[PDB]
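Colleague: One structure, as structure tokens, below. Some questions next.
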Amino acid sequence: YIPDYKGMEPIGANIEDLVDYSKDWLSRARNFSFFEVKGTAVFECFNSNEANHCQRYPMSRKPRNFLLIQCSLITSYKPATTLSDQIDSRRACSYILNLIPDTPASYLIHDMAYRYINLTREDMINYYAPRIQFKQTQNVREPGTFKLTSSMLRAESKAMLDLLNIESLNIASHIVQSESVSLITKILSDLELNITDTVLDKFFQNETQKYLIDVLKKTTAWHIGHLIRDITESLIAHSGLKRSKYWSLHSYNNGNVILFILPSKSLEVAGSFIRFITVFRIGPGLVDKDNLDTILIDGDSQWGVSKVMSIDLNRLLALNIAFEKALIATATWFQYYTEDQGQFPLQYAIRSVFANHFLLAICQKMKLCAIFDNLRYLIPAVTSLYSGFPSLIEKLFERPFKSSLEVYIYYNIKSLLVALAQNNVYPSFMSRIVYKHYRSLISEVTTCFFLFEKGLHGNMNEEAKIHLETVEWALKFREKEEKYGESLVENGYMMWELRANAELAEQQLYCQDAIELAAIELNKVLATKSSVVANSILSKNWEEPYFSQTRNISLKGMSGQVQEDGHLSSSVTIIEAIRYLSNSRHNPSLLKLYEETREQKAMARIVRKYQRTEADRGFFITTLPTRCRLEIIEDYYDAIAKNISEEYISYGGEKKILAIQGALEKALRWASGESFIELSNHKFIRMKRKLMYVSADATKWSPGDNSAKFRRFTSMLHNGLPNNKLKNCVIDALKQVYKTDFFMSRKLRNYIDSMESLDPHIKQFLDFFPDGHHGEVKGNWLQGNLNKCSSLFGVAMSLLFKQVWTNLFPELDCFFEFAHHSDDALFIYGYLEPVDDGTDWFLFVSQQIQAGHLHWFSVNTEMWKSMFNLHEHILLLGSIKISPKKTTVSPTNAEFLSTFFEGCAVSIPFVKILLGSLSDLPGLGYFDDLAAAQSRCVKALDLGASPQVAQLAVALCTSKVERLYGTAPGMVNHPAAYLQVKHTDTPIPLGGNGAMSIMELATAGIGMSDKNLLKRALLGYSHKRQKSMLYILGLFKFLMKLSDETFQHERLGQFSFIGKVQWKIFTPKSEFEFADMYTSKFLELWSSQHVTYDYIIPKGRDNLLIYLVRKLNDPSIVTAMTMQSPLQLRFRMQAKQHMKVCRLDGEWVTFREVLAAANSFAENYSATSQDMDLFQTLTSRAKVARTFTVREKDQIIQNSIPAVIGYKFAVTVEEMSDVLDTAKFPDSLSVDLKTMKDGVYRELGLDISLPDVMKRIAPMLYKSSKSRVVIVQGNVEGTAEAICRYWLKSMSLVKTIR
RNA sequence: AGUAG
Ligand SMILES: Nc1ncnc2c1ncn2[C@@H]1O[C@H](COP(=O)(O)OP(=O)(O)OP(=O)(O)O)[C@@H](O)[C@H]1O
Ligand SMILES: [Mg+2]
Ligand SMILES: [Mg+2]
């Protein structure tokens, strides 16, 4: 039952009115938005901005620090060990005591060394012994730390401890710029020195390792990369709750470098810094002699006493993987070079590239990520005909240039951009090479940009910046309401009152006739497609109950209810669903839940979206009623958008590319021709057709919009339904999200209560909140909410411009072909220019102007400009503003094809994943992290990476995971030590090599090595019957015994098929709301009485409350609802793999004891019929986008596997109704049950009639049902076999495999 | 002092 609503009516808008307005418009001097790209122009822009910078800021003479850890390597580095520190540290401390301090930091170094040397033998034994054998002592009160009292420190060190607890350089100057360039070049020269059998293996040991690894395997950047890994592992160890109050001293290399870790604040909070000093022998490497605290003179060498640093947990886990990030970036650069030149980079280029990448990965500053974010938009701006490069250049100077790595990364940027704005071959950025494609040049800067961590900003400044945008745009909206009534901003301005003013065409104001005409223009392609559109709209399930869909019972954020203090409480969607179900006696449809909450005002707050850009973005969290309204609107608009061929975002990811290519091909085929313009009687003029590809981007797409356009937009859209009830419901849904209560988050309010005085900057921001916690926001639709509706509206405006122009100049047969995706868009304006000198064309235009058609004044020279001006104006009539900064005009599609929007099928630079697989891991146990990393590397391979670059990343990630979890030789959890079997023969869940050629991880799945090991052991036992291949079966039986505890298939990650060792890193001791409303016993009897609901969501209020409480009382969702900071998890994992009992065998004992338990059980194992049966059951040039279907499900079924398996467990009326609703095709569930029973008799001797069989295949078929988009070189076919063969053909980088 | 501004 769709509720009645009043709805809108047509206003009789005529196209002729807009055409006449345009005629009057395109008859006068109109200023082009963009500027011409010329070398002199860019050079003058840079020089003038440099001149202004001096006045803008107060100049400084002392470059600030850019190196976090300063090291110095003279000899190859042998990784450190507990047996190495006891010797090194002693030698290094004797050296230090030999020195003579002068500065307070040097004095503190001296005091720490003197204390450490004078520790007693028992103190040292406890100081280096493992935590298991650790014994607390008077001096060494923790394993790897010692206690220094305030009495031993001298006066200088005491003063230094007490001290512990905007200016820019002359970039315009030439002396400063050369000085910085020389310093950074010296550092890069130092990091470039040389310190004194599957087919893929052949192609890797011959091509990649011969030119990349064997080249960097001897440079100072490959050994300092390990020195700064050990130095950061030491800090991570000394950044716990109990350790982080004591002093520590470590030595590395052979005593050359010493790390002095200070009394800090534990990094298990959100605002602590671990502080340290480094004393090293001055030499080649990351040395900045200007920023060293002192250089103490030694007879033969000189020791560089660094200054007391302070590195947070985001800059401490970013140096721990500096080497991996730098090496993966260098591998990507190597791959891109060996596609753009066809030859391997010379030995000299790759070493410099690696040195630059390492120096970038070490310097994790935010003043550099901003520059490398501006550069990505600057490079397309200076390599295109017309662009907004002056604005981007002026943005480049908005920041201080303080350290010597911003005056060098800038100087380089200046040179590169001034050189690119002249050849308009693309000069390289890092090396001295020259490219032959734009893709390589843009990928260089993209990769250099991803080497910076997400969220280096600083918390509260970014939170405030997030709030200010939304507050200021809303205040501007109110100002626009003060001028001209609120009935003009809300309902728009008629055309007749635009021509009288012509200044109403601003953002946040929309015409009425323009919107109606845009809807009518879409109705010319939605009217030949009426039945399909109606069927698509009805296909969306409105009657389907709310809260019975995965999206409404998810774990994403959602605002709660206005509390007593005035702030809007946070929560996740599942608690809100539970609350509504508890307070209501029904589970209502999407429409019937709207009319219940139609009265409630939409409320929203904003949470920082931790990203890697200047001026971080902010995600919007909205209450339940607002979510319901937005769901109604999006469900209506998506069903129509997916039926329009120019609105991308509604495509599957592999059709976005296959459609942009089709559009570009149609444009090119149009260009291959010549048009004839008629003259007085018979003479024709031949005009050459040409294309001008205009990319696009809108400034403040949602933040500066007015969400009342869609009210009149949908009232005219043709959906094909026989009645307007759903249309009117969508109109009302749009009407209720007009006004919102924006709540300032808790952090901003809390700190603003502490400011001594409020500047006018934020006083205008605190006047927007009359209550102090909330404010009214109109028009803005909470960025990220209406994305398909906005894109469809933009497409409508573009087609309106098409029609207006085609009516303006009937004689000229021009060609437009647009493609929109959110705000991003591509316009392919096709124009005509004279073939001869053109005097006849000019005469014809003059004759037309004289005849009476005065709008030809703007169609004589540069026809493509008067098309863009009119298109931009007609878009602005719909409150859409094409950006004057990030838009680009170019005769060639190189600038766009390199980028292709900013969606998800726009690769995602395959580097973004490879560098991502090194961090942000689930932390759910060795297996469940080694699976996630390999899966991310496989995705990177599927996103264009080469097998050799995607199989080096796998090795790097596997080694990092092994170090993190201790599964490394001679470390806490090495399987080979405790278990008799070798490292490669152990199942992955219990600790195994788990490293395979990326072909295995791609073609097959992750964890299939477990199945290989199981098959090997079973075959060996069956045929040879040797004792050797029975220990493995004992290990697998132990795995099943451990796994039997879990039920419901409560798996968050990969499926082992043989069970997993159970870990639990963290527990939110604070029980969640509504997590205890049924007795825990009740939720165990319910889980057995209603078996069906393990698969299909219940669709009844009473039977859904229990299901939601159960999903809330699950020890894998509760973990996922408190893993707010992945950095905290990654840091904790290193200290949890040790004695901490973080894995339960039913008794919460360490993983170290599990190896002994398995060795005991494996030895005392005997083959049994049940074991054999269970084991047998266990073993039952032009880019393009394809679908890699791995296994896929049997066609004869046609019913979702969970639905049918639930049908088998269906005995209650509620369960049967839920099954029938959930099943896509009812009346056929019995067919699939019969098919399953028949099939089980083939590959399995067990019968499904008894339970515990269907639980096995379901994860396998879930993995099979996964279908992923694969980026191929263009010659590949749709089938999986062709994709795999193409991957095979891509093993070599410069040689064919055909 | 450092991170940040
Ligand atoms: N994380 C996101 N999730 C969903 N939609 C998003 C997200 N980020 C941006 N959008 C969509 O893109 C719009 C913003 O576009 P974009 O990020 O290109 O820049 P902008 O805010 O329009 O302005 P400018 O081009 O000046 O940066 C948002 O209003 C929303 O429509
Ligand atoms: Mg944009
Ligand atoms: Mg954009």
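By order in the structure tokens, chains are A, B, ...; within a chain, residues start at 1; ligands start at 1, following the order shown.
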May I have the residues within 8 Å of residue 3 in chain B as an NGL selection string, using only C-alpha atoms (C1' of nucleotides) and disregarding those fewer than 4 positions away in the same chain?
Modeller: :A and (310-312)
Colleague: Only N, CA and C atoms, please: the residues just picked out, written as a PDB file, in the first residue's frame.
Modeller:
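The result, written out as selection-v9.pdb:
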ATOM      1  N   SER A 310      60.107  12.507  18.100  1.00  0.00           N
ATOM      2  CA  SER A 310      58.806  12.143  18.653  1.00  0.00           C
ATOM      3  C   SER A 310      57.942  11.679  17.492  1.00  0.00           C
ATOM      4  N   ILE A 311      57.667  10.381  17.440  1.00  0.00           N
ATOM      5  CA  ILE A 311      56.998   9.757  16.308  1.00  0.00           C
ATOM      6  C   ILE A 311      55.745   9.064  16.824  1.00  0.00           C
ATOM      7  N   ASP A 312      54.600   9.382  16.228  1.00  0.00           N
ATOM      8  CA  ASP A 312      53.342   8.785  16.655  1.00  0.00           C
ATOM      9  C   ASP A 312      53.252   7.367  16.101  1.00  0.00           C
TER      10      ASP A 312
END
Colleague: Give me, as number ranges by chain, the residues of range 204-445 of chain A that a backbone DSSP run labels strand (DSSP E or B).
Modeller: A: 219, 247-252, 257-261, 274-281, 294-297, 302-305, 309-311, 386-387, 403, 426-427, 434-435
Colleague: If the limit is 10 Å from any atom of ligand 1, counting only C-alpha atoms (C1' of nucleotides) and all ligand atoms, which residues qualify? Return them as a ChimeraX atom specification.
Modeller: /A:609,611,615,617-620,696-705,780-791,821-824,880-887,901-903
Colleague: Hey, can you check how far CA of residue 39 in chain A sits from CA of residue 415 in chain A?
Modeller: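 Spanning CA of residue 39 in chain A to CA of residue 415 in chain A is a straight-line distance of 10.9 Å.
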Colleague: As a PyMOL selection string, list the residues of range 1076-1153 of chain A assigned to alpha helix (DSSP H) by DSSP on the backbone atoms of this structure.
Modeller: chain A and resi 1082-1089+1101-1112+1117-1120+1126-1136+1151-1153
Colleague: Write the residues you've just listed into a file as a compact mmCIF listing (two decimals), in the first residue's frame, and include N, CA, C and O atoms for each of them.
Modeller:
# COMPACT_ATOMS: atom_id res chain seq x y z
N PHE A 1082 19.23 -19.05 26.40
CA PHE A 1082 18.12 -18.96 25.45
C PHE A 1082 18.63 -18.84 24.02
O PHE A 1082 18.04 -19.43 23.10
N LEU A 1083 19.71 -18.10 23.81
CA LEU A 1083 20.27 -17.94 22.47
C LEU A 1083 21.03 -19.17 22.00
O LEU A 1083 21.45 -19.20 20.84
N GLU A 1084 21.22 -20.16 22.86
CA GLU A 1084 21.79 -21.44 22.45
C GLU A 1084 20.72 -22.49 22.16
O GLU A 1084 20.93 -23.36 21.32
N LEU A 1085 19.58 -22.43 22.86
CA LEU A 1085 18.46 -23.29 22.53
C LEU A 1085 17.74 -22.79 21.28
O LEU A 1085 17.26 -23.59 20.47
N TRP A 1086 17.65 -21.47 21.12
CA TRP A 1086 17.06 -20.90 19.91
C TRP A 1086 17.89 -21.26 18.68
O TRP A 1086 17.34 -21.61 17.63
N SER A 1087 19.21 -21.19 18.80
CA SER A 1087 20.07 -21.48 17.66
C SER A 1087 19.93 -22.92 17.19
O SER A 1087 20.33 -23.23 16.06
N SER A 1088 19.38 -23.79 18.02
CA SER A 1088 19.14 -25.18 17.65
C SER A 1088 17.70 -25.44 17.22
O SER A 1088 17.47 -26.19 16.26
N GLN A 1089 16.73 -24.84 17.90
CA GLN A 1089 15.33 -25.03 17.51
C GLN A 1089 15.08 -24.47 16.12
O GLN A 1089 14.44 -25.12 15.28
N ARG A 1101 9.21 -9.74 13.32
CA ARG A 1101 9.75 -8.90 14.39
C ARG A 1101 10.29 -9.75 15.53
O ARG A 1101 11.45 -9.58 15.95
N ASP A 1102 9.48 -10.67 16.05
CA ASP A 1102 9.91 -11.47 17.19
C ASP A 1102 11.05 -12.41 16.81
O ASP A 1102 11.98 -12.60 17.59
N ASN A 1103 10.99 -13.00 15.62
CA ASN A 1103 12.05 -13.89 15.16
C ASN A 1103 13.23 -13.14 14.55
O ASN A 1103 14.22 -13.77 14.20
N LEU A 1104 13.14 -11.81 14.41
CA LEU A 1104 14.27 -11.01 13.97
C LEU A 1104 15.02 -10.36 15.12
O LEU A 1104 16.23 -10.17 15.01
N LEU A 1105 14.34 -10.02 16.21
CA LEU A 1105 15.05 -9.54 17.39
C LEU A 1105 16.05 -10.57 17.88
O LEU A 1105 17.20 -10.24 18.19
N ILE A 1106 15.63 -11.83 17.94
CA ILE A 1106 16.52 -12.89 18.41
C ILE A 1106 17.70 -13.04 17.46
O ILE A 1106 18.84 -13.20 17.89
N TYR A 1107 17.44 -12.99 16.15
CA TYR A 1107 18.53 -13.14 15.18
C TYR A 1107 19.52 -11.99 15.30
O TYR A 1107 20.74 -12.21 15.22
N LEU A 1108 19.04 -10.77 15.48
CA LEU A 1108 19.94 -9.63 15.60
C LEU A 1108 20.73 -9.68 16.90
O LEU A 1108 21.91 -9.33 16.92
N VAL A 1109 20.10 -10.12 17.99
CA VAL A 1109 20.83 -10.25 19.25
C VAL A 1109 21.88 -11.35 19.14
O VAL A 1109 22.97 -11.24 19.71
N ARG A 1110 21.57 -12.42 18.41
CA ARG A 1110 22.54 -13.49 18.22
C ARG A 1110 23.72 -13.01 17.39
O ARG A 1110 24.88 -13.20 17.77
N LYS A 1111 23.45 -12.37 16.25
CA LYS A 1111 24.53 -11.79 15.46
C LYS A 1111 25.31 -10.77 16.27
O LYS A 1111 26.50 -10.54 16.00
N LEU A 1112 24.66 -10.14 17.25
CA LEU A 1112 25.36 -9.26 18.17
C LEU A 1112 26.14 -10.05 19.21
O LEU A 1112 27.21 -9.60 19.65
N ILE A 1117 31.55 -10.67 15.17
CA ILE A 1117 30.96 -9.38 14.86
C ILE A 1117 31.27 -8.37 15.95
O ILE A 1117 31.54 -7.20 15.67
N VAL A 1118 31.25 -8.82 17.21
CA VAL A 1118 31.63 -7.94 18.31
C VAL A 1118 33.06 -7.45 18.12
O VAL A 1118 33.38 -6.29 18.40
N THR A 1119 33.94 -8.33 17.63
CA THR A 1119 35.30 -7.91 17.32
C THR A 1119 35.31 -6.85 16.22
O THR A 1119 36.07 -5.88 16.29
N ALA A 1120 34.48 -7.03 15.20
CA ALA A 1120 34.45 -6.10 14.07
C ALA A 1120 33.76 -4.79 14.41
O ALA A 1120 33.91 -3.83 13.64
N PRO A 1126 42.66 0.30 13.00
CA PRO A 1126 43.51 -0.81 12.53
C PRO A 1126 44.96 -0.67 12.93
O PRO A 1126 45.65 -1.68 13.12
N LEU A 1127 45.46 0.56 13.07
CA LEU A 1127 46.84 0.76 13.50
C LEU A 1127 47.06 0.16 14.88
O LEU A 1127 48.11 -0.45 15.13
N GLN A 1128 46.10 0.34 15.78
CA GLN A 1128 46.23 -0.25 17.11
C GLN A 1128 46.32 -1.76 17.02
O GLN A 1128 47.14 -2.38 17.72
N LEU A 1129 45.50 -2.38 16.17
CA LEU A 1129 45.56 -3.83 16.00
C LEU A 1129 46.92 -4.27 15.48
O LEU A 1129 47.52 -5.23 16.00
N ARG A 1130 47.42 -3.60 14.45
CA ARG A 1130 48.69 -3.99 13.85
C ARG A 1130 49.83 -3.83 14.86
O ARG A 1130 50.73 -4.68 14.93
N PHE A 1131 49.81 -2.75 15.63
CA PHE A 1131 50.82 -2.58 16.67
C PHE A 1131 50.71 -3.66 17.74
O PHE A 1131 51.72 -4.23 18.16
N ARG A 1132 49.48 -3.96 18.18
CA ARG A 1132 49.29 -4.93 19.25
C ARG A 1132 49.77 -6.31 18.83
O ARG A 1132 50.34 -7.05 19.64
N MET A 1133 49.55 -6.68 17.57
CA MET A 1133 49.86 -8.03 17.13
C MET A 1133 51.30 -8.43 17.45
O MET A 1133 51.56 -9.59 17.76
N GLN A 1134 52.24 -7.48 17.39
CA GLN A 1134 53.63 -7.83 17.63
C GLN A 1134 53.86 -8.21 19.09
O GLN A 1134 54.69 -9.08 19.38
N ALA A 1135 53.15 -7.58 20.01
CA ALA A 1135 53.29 -7.89 21.43
C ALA A 1135 52.33 -8.97 21.91
O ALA A 1135 52.49 -9.46 23.03
N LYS A 1136 51.35 -9.35 21.09
CA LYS A 1136 50.41 -10.41 21.44
C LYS A 1136 50.86 -11.78 20.98
O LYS A 1136 50.48 -12.79 21.59
N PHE A 1151 50.06 -19.88 21.76
CA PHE A 1151 50.30 -20.62 20.52
C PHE A 1151 51.56 -21.47 20.62
O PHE A 1151 51.68 -22.48 19.92
N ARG A 1152 52.51 -21.07 21.47
CA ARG A 1152 53.71 -21.89 21.66
C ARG A 1152 53.35 -23.27 22.18
O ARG A 1152 53.95 -24.27 21.78
N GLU A 1153 52.37 -23.34 23.09
CA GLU A 1153 51.95 -24.62 23.64
C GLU A 1153 51.11 -25.42 22.66
O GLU A 1153 51.02 -26.65 22.79
Colleague: Tell me which protein, DNA and RNA residues are within 9 Å of residue 4 in chain B, counting only C-alpha atoms (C1' of nucleotides), leaving out same-chain ones fewer than 5 positions away, and put them as an NGL selection string.
Modeller: :A and (366 or 456-458)
Colleague: For chain A, which residues have at least one atom within 6 Å of chain B, if we go by only C-alpha atoms (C1' of nucleotides)? Write them as a PyMOL selection string, please.
Modeller: chain A and resi 164+308-310
Colleague: Go ahead and compute the interatomic distance for CA of residue 72 in chain A and CA of residue 317 in chain A, in Å to one decimal.
Modeller: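 CA of residue 317 in chain A lies 20.9 Å from CA of residue 72 in chain A.
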Colleague: Write out as a list in words each polymer residue whose atoms come within 6 Å of range 794-799 of chain A, counting only C-alpha atoms (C1' of nucleotides); drop sequence neighbours fewer than 4 positions from it.
Modeller: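 Returned residues: residues 518, 522 and 875 of chain A.
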Colleague: Using only C-alpha atoms, pick whichever of A:950, A:1291, A:1280, A:68 has the shortest atom-to-atom distance to residue 204 in chain A.
Modeller: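 Going through A:950, A:1291, A:1280, A:68 one by one, the smallest distance to residue 204 in chain A is for A:1291.
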Colleague: Please identify all polymer residues within 8 Å of residue 244 in chain A, counting only C-alpha atoms (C1' of nucleotides), omitting same-chain residues fewer than 4 positions from it, and present them as number ranges by chain.
Modeller: A: 238-240, 263-266
Colleague: For the residues in that selection, give me C-alpha atoms as a PDB file, in the first residue's frame.
Modeller:
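Resulting contents of part-v9.pdb:
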ATOM      1  CA  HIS A 238      59.209  -0.200  23.836  1.00  0.00           C
ATOM      2  CA  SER A 239      55.798   1.348  23.199  1.00  0.00           C
ATOM      3  CA  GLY A 240      53.583  -0.757  25.463  1.00  0.00           C
ATOM      4  CA  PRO A 263      60.365   7.529  28.909  1.00  0.00           C
ATOM      5  CA  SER A 264      57.318   8.054  26.705  1.00  0.00           C
ATOM      6  CA  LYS A 265      53.549   7.608  26.810  1.00  0.00           C
ATOM      7  CA  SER A 266      52.204   4.237  25.714  1.00  0.00           C
TER       8      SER A 266
END
